[PDB]
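Peer 1: part one of the complex, left exactly where it sits:
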Amino acid sequence: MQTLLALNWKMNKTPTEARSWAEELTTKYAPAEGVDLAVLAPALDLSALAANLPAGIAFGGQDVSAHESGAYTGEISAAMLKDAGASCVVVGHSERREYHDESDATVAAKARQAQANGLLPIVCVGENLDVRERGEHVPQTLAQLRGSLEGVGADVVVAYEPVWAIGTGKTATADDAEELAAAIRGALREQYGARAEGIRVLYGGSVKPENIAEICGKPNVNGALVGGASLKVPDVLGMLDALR
């Protein structure tokens, strides 16, 4: 299992800033065996990343259309991402489920578009504070996972991001991460059988250089989906160190 350090810039960096960032990462990047990096950027930054990122650092999108092509003004397809050199894409991020009303079935459809076009979808699931306060975070997140992976093949990454951990500074405990990661792997076995052992399950939500080692060190956590700490190369370099 390759540990995966996925870097979600969200809506940050112009193409000019993406090029400088990737130039800076290039000067400072030393591969860690066992660890893949992926930079998930705004779609118009992908050209800069393809030109300026180091060899083995993958890059990808933050969303993708549910449709193959057509009269969907403002949407960007899996064929387009792929052609730009993307190898992965985030689907069903909490910010899109909330702000853009993406349903589980929409997420499944988006993941299926990714897979039809040679992209690795990173499928996000996770509960809100109210669900967590009820103690129902596992069964709700697994229900959300079944919906979101309906028709989705085994070439997928699952990212558990509790919504109360996103942008709040309230990182999940490593124990809480492993709780969901373990339950997620059980569900993946039901759906995918033996392939489940190879499916990467990430943790995301206020991940930082100082907490990432302990979270990813747990048995069923295979890496991280990183928000704010992805924006500065030194932070990236620290997180990478923690996973070496």
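Peer 2: Sure, I can see it. Residues are numbered from 1 along each chain as shown, chains lettered A, B, ... in the order given.

Peer 1: okay, which residue of chain A is out on the far edge from center?
Peer 2: Among residues of chain A, the one most distant from the C-alpha centroid is residue A:71; the distance is 27.8 Å, by C-alpha atoms, centre = their mean.

Peer 1: Run through the residues that contact that residue.
Peer 2: Counting by C-beta atoms under 8 Å, 6 or more residues apart in numbering, residue A:71 touches no other residue. No exception for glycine: its C-beta is placed from N, CA and C like everyone else's.

Peer 1: Distance check, it against residue A:65.
Peer 2: Look at residue A:71 and residue A:65: by C-beta to C-beta, to the nearest Å, they are 11 Å apart.

Peer 1: Check residue A:2 too.
Peer 2: The gap separating residue A:2 from residue A:65 is 28 Å, by C-beta to C-beta.

Peer 1: which one of the two has more residues nearby?
Peer 2: Counted by other C-beta atoms under 10 Å, residue A:2 and residue A:65 do not tie: residue A:65 has more neighbours, with 19 against 12.

Peer 1: Report how many residues lie close to the residue nearest to that one when sequence neighbours are not counted.
Peer 2: Leaving aside its sequence neighbours, residue A:65 sits nearest to residue A:75 (C-beta to C-beta, 6 or more residues apart in numbering; 4.1 Å). The local packing of residue A:75 (other C-beta under 10 Å) involves 14 other residues.

Peer 1: what does residue A:48 give?
Peer 2: Residue A:48 has 22 neighbouring residues, counting by other C-beta under 10 Å.

Peer 1: cool, and the one 4 residues further on?
Peer 2: With neighbours defined by other C-beta under 10 Å, the count for residue A:52 comes to 16.

Peer 1: and the residue nearest to it when sequence neighbours are not counted, which of the three is it?
Peer 2: Once flanking residues are discounted, residue A:52 sits nearest to residue A:22: 3.7 Å by C-beta to C-beta, 6+ apart. At residue A:22 the chain is in helix, as set by DSSP: H, G, I helix; E, B strand; the rest coil.

Peer 1: Surely residue A:22 touches residue A:47?
Peer 2: No - in this structure, residue A:22 is not within contact of residue A:47 by C-beta atoms under 8 Å, at 11.1 Å.

Peer 1: More neighbours: which of those two?
Peer 2: residue A:22 (24 against 14).

Peer 1: ok now do that one, which residues does it touch?
Peer 2: Residue A:22 makes contact with A:39, A:48-49, A:51-53 under the criterion C-beta under 8 Å, 6+ apart.

Peer 1: so residue A:66 touches residue A:106, yeah?
Peer 2: Yes - using C-beta under 8 Å, residue A:66 is in contact with residue A:106, at 5.8 Å.

Peer 1: hang on, the earlier thing: element containing the residue nearest to residue A:65, please.
Peer 2: Counting by DSSP states H and E, no helix or strand carries residue A:75.

Peer 1: mind checking how far it is from residue A:141?
Peer 2: Residue A:75 is 27 Å from residue A:141, by C-beta to C-beta.

Peer 1: Report the contact partners of residue A:8.
Peer 2: When contacts are counted by C-beta under 8 Å, 6+ apart, residue A:8 touches A:40, A:62, A:90, A:93, A:204, A:225-227, A:230.

Peer 1: now swap in residue A:96 and tell me
Peer 2: A:63, A:102.

Peer 1: change it to 10 Å
Peer 2: Going by C-beta atoms under 10 Å, 6 or more residues apart in numbering, residue A:96 touches A:62-63, A:90, A:102, A:106-107, A:110, A:124.

Peer 1: Kindly incorporate the sequence below as chain B:
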Amino acid sequence: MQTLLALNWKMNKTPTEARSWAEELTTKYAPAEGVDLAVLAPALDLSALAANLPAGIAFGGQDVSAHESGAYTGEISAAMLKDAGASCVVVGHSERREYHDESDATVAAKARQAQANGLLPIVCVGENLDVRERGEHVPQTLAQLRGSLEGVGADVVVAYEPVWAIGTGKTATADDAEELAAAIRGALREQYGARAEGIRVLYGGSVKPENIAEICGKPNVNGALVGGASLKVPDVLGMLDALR
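Peer 2: So, slotting chain B in with the rest:
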């Protein structure tokens, strides 16, 4: 003023295809007197267009975030579009009002982000079949316009696209396009005074080489927002001929 031939590819063309299209257009394009072109593309195609479009052809986006920057996964900002070379952007397209639940107030916010970053917003308005059959197309479209231009400066383009004309083949008559353009201009004078006379008002919805001249020749129509006919260079060249 200048007739504007605004070409909305919607969700079509990979960066490779965009490049090929701009190259073909470069070899075949002969400017028409008083006709400006703008190409409205998927955001990851902008780089291809910047490098390969011929002289005097603007390019721009199909949507823009209501926010400046931050934790909005999958969204693209006005500052990003500007940095990529965009000089304009579609906001409030019917497909986004319908598929992405964009309100008038959201469109107005998007338009303001555009203007704050040196982009010309193209604000779309237009009624559905139901409203048209009640004969209330003018008052409802003008109510939509007021809301979508709330706090928007006079450096704006208004595109009237009746929803029943989009992708259906059912082009408005030139007379019906002028009815809305003339009413829209009356509202623009209330909001913007003398500046209203220079605000470009476009018709869109099933525009073709065969119908574009009679529409664009109307007193208050200053160009077209073109969907399907924008995808093949030969169709662009025929629309251009019709405006010569």
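
Peer 1: Chain B added, so what about the neighbour count of residue A:75 now?
Peer 2: 23 (other C-beta atoms under 10 Å in any protein chain shown).

Peer 1: Residue A:210 now?
Peer 2: Applying other C-beta under 10 Å, we find 12 other residues in the vicinity of residue A:210.

Peer 1: what helix or strand does it sit in?
Peer 2: Using DSSP H and E, residue A:210 is not contained in any helix or strand.

Peer 1: Where do the helices of chain A begin and end?
Peer 2: For chain A, the helices defined by DSSP state H occupy A:15-28, A:46-52, A:78-83, A:94-99, A:104-116, A:129-133, A:137-148, A:174-192, A:212-216, A:233-242.

Peer 1: Determine which of those helices approaches residue B:214 most closely.
Peer 2: helix A:78-83 (35.1 Å; C-beta to C-beta).

Peer 1: and that closest one, what does it pack onto?
Peer 2: Counting contacts by 3 or more C-beta pairs under 10 Å, 6 or more residues apart in numbering or on different chains; DSSP states H and E, helix A:78-83 is packed against helix A:46-52, strand A:57-61, strand A:88-91, helix A:104-116, helix B:15-28.

Peer 1: Buried deepest among the ones you listed, which one?
Peer 2: Burial of those is given as mean neighbour count (mean count of other C-beta atoms under 10 Å in any protein chain shown); strand A:88-91 ranks first at a mean of 27.

Peer 1: packing partners for that strand?
Peer 2: By 3+ C-beta pairs under 10 Å, 6+ apart, strand A:88-91 packs against strand A:3-8, strand A:35-40, strand A:57-61, helix A:78-83, helix A:104-116, strand A:120-125, strand A:157-160.

Peer 1: Now find how far off-centre it is within its chain.
Peer 2: 6 Å (C-alpha atoms, centre = their mean, to the nearest Å).

Peer 1: That one: partners in the sheet, and parallel or antiparallel?
Peer 2: Partner strands and pairing direction for strand A:88-91 (DSSP bridges) are strand A:57-61 (parallel), strand A:120-125 (parallel).

Peer 1: What about residue A:219, how many residues nearby?
Peer 2: By other C-beta under 10 Å, 9 other residues sit near residue A:219.

Peer 1: Next, find the distance separating it from chain B.
Peer 2: According to C-beta to the nearest C-beta, to the nearest Å, residue A:219 and chain B sit 28 Å apart.

Peer 1: separation between that residue and residue B:170?
Peer 2: 61 Å.

Peer 1: do the same with residue A:204
Peer 2: Taking C-beta to C-beta, one finds residue A:204 at 47 Å from residue B:170.

Peer 1: The two - which one has more neighbours?
Peer 2: residue A:204 (27 against 12).

Peer 1: Reformat the helices and strands packed on helix A:78-83 as JSON lines; add distance to residue B:153.
Peer 2: Listed next are the helices and strands packed on helix A:78-83 as JSON lines, based on distance: least, C-beta to C-beta, whole Å:
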{"stretch": "helix A:46-52", "distance to residue B:153": "31"}
{"stretch": "strand A:57-61", "distance to residue B:153": "32"}
{"stretch": "strand A:88-91", "distance to residue B:153": "35"}
{"stretch": "helix A:104-116", "distance to residue B:153": "35"}
{"stretch": "helix B:15-28", "distance to residue B:153": "30"}
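
Peer 1: wait, which of the ones you listed is closest to residue A:160?
Peer 2: Closest approach to residue A:160 among those is made by strand A:88-91 (13.4 Å; C-beta to C-beta).

Peer 1: Leaving out the residues flanking it, which one is nearest to residue A:211?
Peer 2: Excluding the flanking residues, the one nearest residue A:211 by C-beta to C-beta, 6 or more residues apart in numbering or on different chains is residue A:171, at 5.3 Å.
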